[PDB]
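>
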Amino acid sequence: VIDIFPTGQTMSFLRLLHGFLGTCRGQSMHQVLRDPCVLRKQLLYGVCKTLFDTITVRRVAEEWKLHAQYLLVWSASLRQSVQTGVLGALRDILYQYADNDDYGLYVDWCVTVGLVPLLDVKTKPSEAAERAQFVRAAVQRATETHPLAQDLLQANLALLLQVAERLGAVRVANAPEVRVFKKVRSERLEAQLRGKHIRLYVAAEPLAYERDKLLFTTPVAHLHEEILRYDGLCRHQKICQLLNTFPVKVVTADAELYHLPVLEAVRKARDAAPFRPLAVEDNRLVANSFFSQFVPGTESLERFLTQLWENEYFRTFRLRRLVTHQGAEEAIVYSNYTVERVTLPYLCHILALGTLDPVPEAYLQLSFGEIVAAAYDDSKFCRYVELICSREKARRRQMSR
Amino acid sequence: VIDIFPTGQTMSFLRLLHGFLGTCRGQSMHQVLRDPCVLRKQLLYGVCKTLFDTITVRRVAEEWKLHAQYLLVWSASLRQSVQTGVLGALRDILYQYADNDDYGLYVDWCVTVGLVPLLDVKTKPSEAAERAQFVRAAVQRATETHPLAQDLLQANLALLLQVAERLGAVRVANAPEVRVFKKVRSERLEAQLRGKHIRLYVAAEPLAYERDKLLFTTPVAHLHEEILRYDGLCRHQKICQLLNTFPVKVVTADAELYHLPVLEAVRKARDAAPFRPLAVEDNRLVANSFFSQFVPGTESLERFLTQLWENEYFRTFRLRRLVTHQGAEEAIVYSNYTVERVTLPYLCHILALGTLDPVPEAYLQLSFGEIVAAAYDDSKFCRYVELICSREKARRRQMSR
Amino acid sequence: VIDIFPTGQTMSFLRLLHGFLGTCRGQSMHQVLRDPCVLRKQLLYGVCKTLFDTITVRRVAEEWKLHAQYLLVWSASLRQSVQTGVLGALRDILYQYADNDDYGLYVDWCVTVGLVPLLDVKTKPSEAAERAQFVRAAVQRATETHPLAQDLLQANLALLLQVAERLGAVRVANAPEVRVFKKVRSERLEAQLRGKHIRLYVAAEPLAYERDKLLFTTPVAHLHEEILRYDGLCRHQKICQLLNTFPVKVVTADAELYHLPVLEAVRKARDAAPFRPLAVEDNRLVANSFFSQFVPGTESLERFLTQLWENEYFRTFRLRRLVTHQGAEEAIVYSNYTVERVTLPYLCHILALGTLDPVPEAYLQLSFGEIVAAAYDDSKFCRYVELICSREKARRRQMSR
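Chains as they are written, first to last, in UniProt numbering: chain A, 55 to 122, 137 to 321, 488 to 635; chain B, 55 to 122, 137 to 321, 488 to 635; chain C, 55 to 122, 137 to 321, 488 to 635.
1. Distance, Cα to Cα, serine 66/C vs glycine 76/B?
2. Which two residues bound the contiguous beta strand (DSSP E) that contains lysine 250/B?
3. Does the Cβ of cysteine 582/A have 16 or more other Cβ atoms within 10 Å, making it buried, or fewer, making it exposed?
4. Closer than 9 Å, Cβ to Cβ, to anything on chain C: give me those residues from the stretch 180–193 of chain B, in chain order.
5. Is the distance from the Cβ of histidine 292/B to the Cβ of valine 557/C below 9 Å?
6. Does the beta-carbon of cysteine 91/C have 16 or more other beta-carbons within 10 angstroms, so that it is buried, or is it exposed?
7. Just how far apart, CA to CA, sit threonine 313/C and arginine 510/C?
8. In chain B, which residues lie with their C-beta within 7 Å of the C-beta of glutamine 527/C?
9. Which word fits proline 530/B, buried or exposed, when buried means at least 16 other C-beta atoms lie within 10 angstroms of its C-beta?
10. In the DSSP assignment, the alpha helix (DSSP H) including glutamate 198/C goes from what residue to what residue?
11. Would the stretch 198–206 of chain A and the stretch 257–274 of chain A be scored as touching if the rule is three or more Cβ pairs under 8 Å?
12. In the DSSP output, what is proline 185/A paired with across the bridge?
13. What does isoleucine 307/C reach in chain A if we use C-beta pairs closer than 7 Å?
14. Return the bridge partner residues of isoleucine 566/A from the DSSP annotation.
15. Please check the pair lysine 95/B and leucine 598/B, which I expect to be a contact at CB under 8 Å, by giving their CB distance rounded to whole angstroms.
16. Applying the criterion that 16 or more other CB atoms from any shown protein chain within 10 Å of the CB defines a buried residue, is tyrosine 580/B buried or exposed?
17. For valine 175/B and chain A, any beta-carbon pair shorter than 9 Å?
18. Give every residue of the same chain whose Cβ lies closer than 6 Å to the Cβ of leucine 187/A, excluding the five residues on either side of it in the sequence, and list them in chain order.
19. Would you decide whether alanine 197/A is buried or exposed? Buried here means 16 or more other CB atoms lie within 10 Å of its CB.
20. Can you tell me whether DSSP reads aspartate 516/C as helix, strand or coil?
21. Between the Cα of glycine 182/A and the Cα atoms of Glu278/A, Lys190/A and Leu173/A, which residue gives the shortest distance?
22. Taking C-alpha atoms, which residue in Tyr269/C, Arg253/C, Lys190/C and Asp280/C lies nearest to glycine 236/C?
23. Check whether the stretch 97–114 of chain B touches the stretch 214–230 of chain B, taking contact to mean three or more Cβ pairs, one atom from each stretch, closer than 8 Å.
24. In the structure shown, what three-state DSSP assignment does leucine 261/A receive?
25. For the structure I just gave you, are there three or more beta carbon pairs, one from the stretch 604–621 of chain B and one from the stretch 146–164 of chain B, closer than 8 Å?
26. Restricting to Cα atoms, I'd like to know which of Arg256/B, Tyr568/B, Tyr571/B and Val154/B is closest to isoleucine 58/B.
27. Would you kindly work out how many angstroms separate the C-alpha atoms of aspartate 612/B and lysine 614/C, rounded to a whole number?
28. Any Cβ of chain A within less than 9 Å of the Cβ of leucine 105/C?
29. Please state whether the Cβ-Cβ distance between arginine 575/B and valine 86/A is less than 9 Å.
30. Which residue from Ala321/B, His493/B, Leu491/B and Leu268/B puts its Cα closest to that of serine 523/C?
31. For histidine 265/C, count the other beta carbons within 10 Å of its own beta carbon; 16 or more makes it buried, fewer makes it exposed. Which is it?
32. Taking 9 Å as the cut-off, decide whether the C-beta atoms of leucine 282/B and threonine 532/B are in contact.
33. Using a Cβ-Cβ cut-off of 9 Å, state whether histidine 304/C counts as contacting chain A.
34. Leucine 578/A CB to nearest chain B CB: under 9 Å?
35. Let me check one thing: in DSSP terms, what residues is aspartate 57/A bridge-paired to?
36. What's the gap between the Cα of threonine 110/A and the Cα of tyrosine 138/B?
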């Protein structure tokens, strides 16, 4: 019966992720793993590895028989026509079907609260017949560049129609009236939406120890109070600089000033902040006075909050850095650990489970075009073109003896 | 029913991207991916790779038969005449047809809000017949430099007439009365213009959780409040330097001065800002005074906003830096990730879909002229000129035995 | 109906590009791409590449037949006599006909407003017949140095007369009464001059979103307000330094001084600024005073404005630097991207369209004399002198067998 999401803490706990109250140079550190189009490369790798693994020698050696140093240039002229060849059919199936947002809300939820919901849809034949037509008409970029790619997609059309039925059916809801429950009697984690039950899953499940009170193992609750402290100091600092701009104080008992010359500027400055004194009547009116010129030091703990965000996200998820000479930081890529830790559990319970593989760390950095070649070296076709180019060179080598 | 675009937040939230209120050394960091003529090189690559993949051996080996170390200099003398030879036809069809502005408004929207609208046109035969004449008259630069380029364009004229029908028909609107729409009943994101519905799409869709309230997952909303804070301190800076220029204050109860000598300057400076005192009448007139010369520290947070913009855009879109010795920064190129994350969603929903490929990172920095050579090495014609120059050297080698 | 150019913002917004109000060490950064004689080298390359591409083997092999280690020195002795040979005909046709100012006005407009106008002219036979005589009499520097260059110009005289019909016919108008036009009813971008319509084009088209209000995507409006702020602080600094020169202030109730000795100098300095006190009559004359020795720190933000200019132009147009040991900056050349971004749209809408090519990076820094050699390596004549000097050495090699 205990609420989790729409309470006095958890709404602000999501508002601190974007720029509402505080911002330092480490709020962008969340963005480097909030990015989509890493799931695109991972599912592309996990579909092409299966796509290059259900072929025998008999289908492809007949192409060498119909192909009649000569037996080594034949490899790349089949590799290049299958590099772009399957990729043209692999690009257009993704961008017409894969929503960019759906990975973003999950990683915006899982690092923040840990209780990410998800939605399902009922599949009428109109919703699936357009997809069945598009996967059939995806042969057209496998026509002119490669005579083999149509047969390869004809062989492996099962996974291609399999991926087209989950990936556009699940949605992490950006709905207004959504909340997750905490049940107290036979305790469970159920989710509600519009007054109806709905699937959720735990990955960062809270630490229920006190009655009517929760603890969160999320990365943001470690620095929630400090990133609130930064705003509680920033608005303090701007209210502290504000009330002592008038240079002479005494106790008794728009933006046009760039455009205009200074003789109007100094004239307007005296009347834009008039001389208002400060006084309180007394009976025995003897005063003794002091003065406090003051600011609070905002520079001294922003370089603490930046090395809180940056030295927190490099400890939760272990993001790899690419540093050059004189220590200059460059763009930040996934490691082999964080792809398995945040993209793969999104793959094993939100998307199609049980066929795909996590991409290595170096292959995530490469080009969108070169990843199919990088999986082609890791697949069987390199070890089939070497076997064919060795057996046929032996058969046409032994004719001299 | 919820307005998104023409509200009190979103208008200034676009105005901050240009120089209205704040500017640091990182407002140009948005410019290095705001720039057009990267879409030009990417669509050039994505049309020329397909341009060099629909050719058999028989069309080009007869050119060697009519060509009668002799078989290696023939490669470059066909490569150079097809380097410029297709490019002269490929250059003039873009610059007469491709609008430079159409990419810039999209990236001016997508990093800022995420809800970019786009327009269409109805194609009368006058709108397309000039294009059908120009794609035919684009053969004139394929005439004198290369006899094969006319045949190659005659083969691949289908893609060339395909690219000339979408790319000049779509427009991201800089219209005055336009807005994006948020529906509350059976929630959807539609778009309105001139009192008419119009296509839009999401790439950075807002995470709507609170009623009548939006949260924007754009890169600008992370630093919107800080770049407003910089103006809220800069006008404080100039209002606080201004009102204490007169050097002796006491309580009681144009630009011609460069040209003219100091004998007139110091005479004019006393009367350009006269001595105006400050006083309030009292009944028991005992005063105790203080003084604070003051400035706000406008230096110490500009090198925070610069390292906010530069360390935000290097985490959203992961831009590649080119650094030299003594760490000196040079020009900033696209990476292999940002081309796929910005240009390809622009390529797969605004322009011709599903045939082109993302250009690699090193091929985007390269020259406009040699990129056809760089895709020519990645095409089939290198592996056809090597096959021809090896089979014919074998046929005219075995005559000695 | 909305005026854009002669309004209260856009006039000073063009005055700020030269030195009227503000200047730092980065206003010269605009000059390094404002300069002409890059258009000269680019059109020289784009004309000589076409000049060395309309020749077959039969025309030039007869010169070897009339030429009777001997077959390698013949390459340079034809390369040198065509290096200076066509260039002497190529130098005299440019500098008599190519106006230097026509490029600089465009780049002075396009980085600033984006709406650059251009003019035309009706061509009487007197305007073109003198040019037809000069291109015919340009054979005189192709006479004594080379017997081939007259035949080459006789072949490619079509492009030589084609460059002379547009390049001296277009003008970017530095006319007094000119304005760009923004229509609100059936909106378009037209241009007016002298009460007549005139061609313009968009390259940096404005962001029309608010009624009767414009936004500019130009590089200058990002730093227009900052370079106005610098003047608003500089004249503040000189009005604040100069009104407190007299050293003893109290409240009550030409340049000849280098030449002349100091006993006249101290005598003149007292009467050049006489002792003028400051006083206001009071009724209850109790005064309490303070003193404000003050300057504003004009040093600390000039090194912010110059790294706004330099780190803005290195993100708009991505200029290459040439740095040496101990980080010393040298001269700044065009990038291999900025030639395509600024000179090439000037080439495709202001000058002769659709034949020329953008010059590479390192070929733009290189000398004016050897760029014809650098394109001669890139043309067919290197691959024809190698073919002739190998086929004829084979023909006079096989006489021994």
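Ideal Cβ placement from N, Cα and C applies to all residues, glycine included.
Based on what the coordinates show:
1. 19 Å
2. 246–250
3. exposed
4. none
5. no
6. exposed
7. 12 Å
8. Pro315
9. buried
10. 193–204
11. no
12. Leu268/A
13. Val496
14. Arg555/A
15. 6 Å
16. buried
17. no
18. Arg239 and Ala241
19. exposed
20. coil
21. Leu173/A
22. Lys190/C
23. yes
24. strand
25. yes
26. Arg256/B
27. 23 Å
28. no
29. no
30. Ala321/B
31. exposed
32. no
33. yes
34. no
35. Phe249/A
36. 41 Å
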